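A.B. asks: Can you keep this structure in mind? I'll have questions shortly.
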Amino acid sequence: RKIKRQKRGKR
Amino acid sequence: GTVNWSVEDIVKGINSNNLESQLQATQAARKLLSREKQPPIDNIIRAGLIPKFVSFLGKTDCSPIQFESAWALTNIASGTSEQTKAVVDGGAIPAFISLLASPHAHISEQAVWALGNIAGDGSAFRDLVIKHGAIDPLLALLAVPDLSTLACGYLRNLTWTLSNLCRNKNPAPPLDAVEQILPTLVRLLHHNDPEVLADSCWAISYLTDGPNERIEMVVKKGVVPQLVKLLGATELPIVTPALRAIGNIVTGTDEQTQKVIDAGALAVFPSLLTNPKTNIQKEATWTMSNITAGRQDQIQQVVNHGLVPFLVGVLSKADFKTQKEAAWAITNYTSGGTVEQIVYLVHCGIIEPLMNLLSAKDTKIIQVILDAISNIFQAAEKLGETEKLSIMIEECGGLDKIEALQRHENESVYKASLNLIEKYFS
């Protein structure tokens, strides 16, 4: 019944 | 005057035999790559500068060029998967790991940042970073009696990079790596900085998105009460990952779900199920749908916390996707609940919104609603009150909807609808 269903630059 | 250099000038300087000229050119490249207006990453890569930057990462007695090259490479690795790949292909992973032990805090932090971008590209680079031995020095940076003695930004970058090491599936992170990271992750999950808390919750939500064995690895560390506390937080960036993690956890066994219930999570759901952020409402209703798929005592705890009226409300008015999650929650409730619980559901007014939702174009929600109605009719049969339920359904206009569904494109839909009409509306 139960249903199971990044980068950052600097400056 | 390292501003607005040309790539040709940067190349001329980096190809000089002069460490200071190379430093000037590397800083100029860093400044080019750190502008928000279309940083010329591909031009820098085509110029062949990545291997030079990587070699600069190893110049111990020129810490400025270490820092400038680390920053330039971090910004390159922050781009597309091909640009990150160009960084990895230049040999950057072991150089950055060696920098993690630098006596200069800004250089170690920059290495942490770069490794975070690389690992965050995907499962393969995540596991490659792990194979090069990043976890030990990363965790060594956090082995302090009190995390509050570290610089805020440094700690935030460490937390974000660890979270990326917990991120992504197919495959999930190595089990030994997760076991090695989890104690520090719990410690961070008790830290007081909002961004550290948000990224720790994201990490936990990643680690709980998988088989029940992973959920168990996490839940065994006793983080569920802290997750419920953070579920009560005022900062949306904290509540979102906390709720995602709690939902993941309640997709597991009934014992893990019970750990969520015992920690007091249901008391937060009156607000979550009315939260003005659509995504919060949808995620909370999905969590409720997996709680109603559990044992009858757990359904009873849902009842005791007064959440059935909130499910009726969401079914009556919400974003359509949230309404689908609510319909699924009702179907699970009716499939697993006692006759008394189903009767209570009806007394709360589920029938009218449930019937209103039978006019949606979505076929799956119609199937779900028809199954729920069949379960409710079975409960009524067990009480011999089928005629009352039929009258109720007819008064709100549901009989018309089901009769129209009798002639519907999908197969299961019209079969279930015809069965209902024949069995209870004769």
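Starting from 1 in every chain, residues are counted up; chains themselves are A, B, ... following the order of the structure tokens, and ligands are numbered from 1 as listed.
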Neighbouring residues of range 367-384 of chain B were defined as those with any atom within 6 Å, considering only C-alpha atoms; residues of the same chain fewer than 5 positions away were excluded. Please report them as number ranges by chain.
C.D. replies: B: 331, 334, 339, 413
A.B. asks: Kindly export the residues of the current selection with C-alpha atoms, as a compact mmCIF listing (two decimals), in the first residue's frame.
C.D. replies:
# COMPACT_ATOMS: atom_id res chain seq x y z
CA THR B 331 -8.21 4.93 -0.13
CA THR B 334 -10.57 2.80 3.95
CA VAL B 339 -15.56 -0.24 10.26
CA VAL B 413 -12.85 2.74 -14.35
A.B. asks: Name the residues in contact with residue 206 in chain B at a cut-off of 7 Å, using only C-alpha atoms, excluding same-chain residues fewer than 4 positions from it; report them as a short mmCIF file (atom, residue, chain, number, x, y, z; two decimals) with N, CA and C atoms, in the first residue's frame.
C.D. replies:
data_model
loop_
_atom_site.label_atom_id
_atom_site.label_comp_id
_atom_site.auth_asym_id
_atom_site.auth_seq_id
_atom_site.Cartn_x
_atom_site.Cartn_y
_atom_site.Cartn_z
N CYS B 166 26.06 12.50 0.36
CA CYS B 166 24.92 11.64 0.64
C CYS B 166 23.89 11.61 -0.48
N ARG B 167 24.06 12.42 -1.52
CA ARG B 167 23.04 12.65 -2.54
C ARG B 167 23.12 11.62 -3.66
N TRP B 202 18.61 18.02 4.30
CA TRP B 202 18.66 17.51 2.93
C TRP B 202 19.45 16.21 2.88
#
A.B. asks: Residues of chain B were defined as contacting chain A if any atom lay at most 6 Å from it, counting only C-alpha atoms; please report them as a ChimeraX atom specification.
C.D. replies: /B:34,75,78,117,120,251,290,293
A.B. asks: So how many Å separate CA of residue 268 in chain B and CA of residue 231 in chain B, to one decimal?
C.D. replies: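 If I compute the distance from CA of residue 268 in chain B to CA of residue 231 in chain B, I get 7.4 Å.
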A.B. asks: For range 7-17 of chain B, work out the shell of residues within 8 Å, counting only C-alpha atoms and skipping chain neighbours fewer than 2 positions away, then give it as a PyMOL selection string.
C.D. replies: chain B and resi 5+19+21-26+28-29+43-44+47+49+52
A.B. asks: Need to verify the contact set: residue 143 in chain B, 12 Å, only C-alpha atoms, exclusion of same-chain residues closer than 4 positions in sequence. Can you return it as a compact mmCIF listing (two decimals) with N, CA, C and O atoms, in the first residue's frame?
C.D. replies:
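Result file follows (out_7.txt):
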# COMPACT_ATOMS: atom_id res chain seq x y z
N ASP B 136 37.55 10.84 5.17
CA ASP B 136 38.38 10.96 6.37
C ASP B 136 38.83 12.39 6.62
O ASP B 136 38.59 12.91 7.73
N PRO B 137 39.50 13.07 5.69
CA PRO B 137 39.91 14.46 5.96
C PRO B 137 38.74 15.42 6.12
O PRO B 137 38.80 16.34 6.95
N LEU B 138 37.66 15.23 5.35
CA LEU B 138 36.49 16.07 5.54
C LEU B 138 35.98 15.98 6.97
O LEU B 138 35.78 17.00 7.64
N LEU B 139 35.78 14.76 7.46
CA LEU B 139 35.29 14.58 8.83
C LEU B 139 36.30 15.05 9.85
O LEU B 139 35.92 15.56 10.91
N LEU B 147 31.08 22.68 17.65
CA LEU B 147 31.05 23.18 16.29
C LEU B 147 30.97 24.70 16.24
O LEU B 147 31.34 25.30 15.22
N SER B 148 30.50 25.35 17.31
CA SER B 148 30.36 26.80 17.30
C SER B 148 31.69 27.52 17.20
O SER B 148 31.71 28.71 16.89
N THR B 149 32.81 26.83 17.46
CA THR B 149 34.12 27.45 17.35
C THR B 149 34.60 27.57 15.91
O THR B 149 35.59 28.26 15.66
N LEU B 150 33.94 26.90 14.97
CA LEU B 150 34.31 27.01 13.57
C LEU B 150 33.66 28.24 12.94
O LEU B 150 32.63 28.73 13.40
N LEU B 155 31.82 26.04 8.11
CA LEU B 155 30.95 24.95 8.55
C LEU B 155 29.83 24.70 7.55
O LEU B 155 29.47 23.55 7.27
N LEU B 158 31.31 22.81 4.58
CA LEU B 158 31.52 21.41 4.94
C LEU B 158 30.20 20.64 4.95
O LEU B 158 30.13 19.52 4.43
N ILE B 181 29.81 8.63 7.71
CA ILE B 181 29.39 10.02 7.73
C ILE B 181 28.31 10.29 8.78
O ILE B 181 28.23 11.39 9.33
N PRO B 183 27.44 9.81 12.03
CA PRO B 183 27.58 10.46 13.35
C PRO B 183 27.81 11.96 13.26
O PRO B 183 27.15 12.75 13.96
N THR B 184 28.73 12.38 12.39
CA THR B 184 28.95 13.80 12.18
C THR B 184 27.69 14.46 11.65
O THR B 184 27.38 15.60 12.01
N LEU B 185 26.94 13.76 10.80
CA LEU B 185 25.72 14.34 10.24
C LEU B 185 24.69 14.59 11.34
O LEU B 185 24.02 15.63 11.33
N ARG B 187 25.39 15.13 14.53
CA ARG B 187 25.94 16.27 15.26
C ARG B 187 25.60 17.58 14.57
O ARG B 187 25.20 18.56 15.22
N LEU B 188 25.74 17.62 13.24
CA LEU B 188 25.39 18.83 12.49
C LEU B 188 23.89 19.10 12.53
O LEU B 188 23.46 20.25 12.56
A.B. asks: When you look at residue 345 in chain B with a cut-off of 10 Å (counting only C-alpha atoms), what residues show up, excluding the ones that are within fewer than 3 positions of it in the same chain? I need them as a ChimeraX atom specification.
C.D. replies: /B:303,308-309,311-312,330,333-334,337,339-342,348-351,376
A.B. asks: Using only C-alpha atoms, can you tell me which of B:246, B:86, B:172, B:227 comes closest to residue 214 in chain B?
C.D. replies: B:172
A.B. asks: Which residues, written as a VMD selection string, have at least one atom at most 12 Å from residue 164 in chain B, with only C-alpha atoms counted and residues fewer than 5 positions away on the same chain left out?
C.D. replies: (chain A and resid 6 to 8) or (chain B and resid 112 to 123 125 to 127 129 to 130 135 157 to 159 169 172 to 173 178 181 199 to 207)
A.B. asks: With N, CA and C atoms retained, export the selected residues as a tab-separated table (two decimals), in the first residue's frame.
C.D. replies:
chain	number	residue	atom	x	y	z
A	6	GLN	N	23.45	19.23	-6.33
A	6	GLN	CA	23.45	20.56	-6.91
A	6	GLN	C	24.87	21.12	-6.93
A	7	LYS	N	25.04	22.27	-7.58
A	7	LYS	CA	26.34	22.92	-7.69
A	7	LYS	C	26.20	24.39	-7.32
A	8	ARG	N	27.28	24.95	-6.78
A	8	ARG	CA	27.32	26.34	-6.35
A	8	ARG	C	28.60	26.99	-6.86
B	112	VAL	N	37.09	22.10	-0.10
B	112	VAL	CA	35.81	21.51	0.29
B	112	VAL	C	34.73	21.86	-0.72
B	113	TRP	N	34.67	23.14	-1.09
B	113	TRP	CA	33.70	23.62	-2.08
B	113	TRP	C	33.85	22.87	-3.40
B	114	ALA	N	35.08	22.78	-3.90
B	114	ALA	CA	35.32	22.12	-5.18
B	114	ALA	C	34.88	20.66	-5.13
B	115	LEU	N	35.28	19.95	-4.08
B	115	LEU	CA	34.87	18.56	-3.94
B	115	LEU	C	33.35	18.44	-3.84
B	116	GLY	N	32.69	19.42	-3.23
B	116	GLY	CA	31.24	19.40	-3.18
B	116	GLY	C	30.61	19.48	-4.56
B	117	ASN	N	31.11	20.39	-5.39
B	117	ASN	CA	30.60	20.49	-6.76
B	117	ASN	C	30.83	19.19	-7.53
B	118	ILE	N	32.04	18.65	-7.43
B	118	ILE	CA	32.37	17.42	-8.15
B	118	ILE	C	31.45	16.28	-7.70
B	119	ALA	N	31.39	16.03	-6.39
B	119	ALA	CA	30.53	14.96	-5.89
B	119	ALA	C	29.08	15.20	-6.26
B	120	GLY	N	28.64	16.46	-6.29
B	120	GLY	CA	27.26	16.76	-6.61
B	120	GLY	C	26.92	16.60	-8.07
B	121	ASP	N	27.91	16.47	-8.94
B	121	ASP	CA	27.60	16.16	-10.34
B	121	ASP	C	26.73	14.91	-10.46
B	122	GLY	N	27.07	13.84	-9.75
B	122	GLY	CA	26.32	12.61	-9.90
B	122	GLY	C	26.94	11.46	-9.13
B	123	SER	N	26.27	10.31	-9.23
B	123	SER	CA	26.65	9.15	-8.44
B	123	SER	C	28.08	8.70	-8.75
B	125	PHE	N	30.79	10.44	-10.00
B	125	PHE	CA	31.80	11.32	-9.42
B	125	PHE	C	31.72	11.34	-7.90
B	126	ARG	N	30.52	11.21	-7.33
B	126	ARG	CA	30.40	11.06	-5.88
B	126	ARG	C	31.23	9.88	-5.39
B	127	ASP	N	31.02	8.71	-5.99
B	127	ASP	CA	31.75	7.53	-5.57
B	127	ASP	C	33.23	7.63	-5.89
B	129	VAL	N	35.03	10.49	-5.81
B	129	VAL	CA	35.54	11.31	-4.72
B	129	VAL	C	35.71	10.46	-3.47
B	130	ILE	N	34.74	9.58	-3.19
B	130	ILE	CA	34.84	8.73	-2.01
B	130	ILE	C	36.03	7.78	-2.13
B	135	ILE	N	36.48	11.35	2.60
B	135	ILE	CA	35.62	11.37	3.77
B	135	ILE	C	36.44	11.57	5.04
B	157	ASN	N	29.90	25.25	4.31
B	157	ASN	CA	30.45	24.59	3.13
B	157	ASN	C	30.74	23.11	3.41
B	158	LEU	N	31.31	22.81	4.58
B	158	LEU	CA	31.52	21.41	4.94
B	158	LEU	C	30.20	20.64	4.95
B	159	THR	N	29.15	21.23	5.54
B	159	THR	CA	27.87	20.54	5.60
B	159	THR	C	27.30	20.32	4.20
B	169	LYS	N	21.15	8.60	-6.45
B	169	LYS	CA	20.79	7.19	-6.39
B	169	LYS	C	21.27	6.49	-7.66
B	172	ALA	N	22.84	4.27	-4.72
B	172	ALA	CA	22.94	5.09	-3.53
B	172	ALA	C	24.38	5.09	-3.05
B	173	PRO	N	24.75	6.00	-2.16
B	173	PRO	CA	26.13	6.06	-1.68
B	173	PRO	C	26.54	4.75	-1.03
B	178	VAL	N	28.23	5.84	4.21
B	178	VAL	CA	27.11	6.41	4.96
B	178	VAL	C	27.30	6.19	6.45
B	181	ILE	N	29.81	8.63	7.71
B	181	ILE	CA	29.39	10.02	7.73
B	181	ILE	C	28.31	10.29	8.78
B	199	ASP	N	20.86	21.99	5.24
B	199	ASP	CA	21.66	21.06	4.44
B	199	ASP	C	21.79	19.70	5.12
B	200	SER	N	21.85	19.67	6.45
B	200	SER	CA	21.82	18.40	7.17
B	200	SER	C	20.51	17.67	6.93
B	201	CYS	N	19.39	18.40	6.97
B	201	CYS	CA	18.10	17.78	6.69
B	201	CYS	C	18.04	17.27	5.25
B	202	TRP	N	18.61	18.02	4.30
B	202	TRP	CA	18.66	17.51	2.93
B	202	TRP	C	19.45	16.21	2.88
B	203	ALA	N	20.60	16.16	3.56
B	203	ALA	CA	21.40	14.94	3.57
B	203	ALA	C	20.60	13.77	4.13
B	204	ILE	N	19.93	13.98	5.26
B	204	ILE	CA	19.13	12.92	5.87
B	204	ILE	C	18.01	12.50	4.93
B	205	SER	N	17.41	13.46	4.22
B	205	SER	CA	16.33	13.12	3.29
B	205	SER	C	16.85	12.28	2.14
B	206	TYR	N	18.07	12.54	1.69
B	206	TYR	CA	18.68	11.68	0.68
B	206	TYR	C	18.91	10.28	1.23
B	207	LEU	N	19.48	10.19	2.44
B	207	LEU	CA	19.82	8.89	2.99
B	207	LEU	C	18.59	8.04	3.28
A.B. asks: What does the distance between CA of residue 87 in chain B and CA of residue 72 in chain B come to in Å, to one decimal place?
C.D. replies: 10.3 Å
A.B. asks: Neighbours of residue 198 in chain B within 7 Å (only C-alpha atoms; same-chain residues fewer than 6 positions away dropped), as a ChimeraX atom specification?
C.D. replies: /B:237-238,241
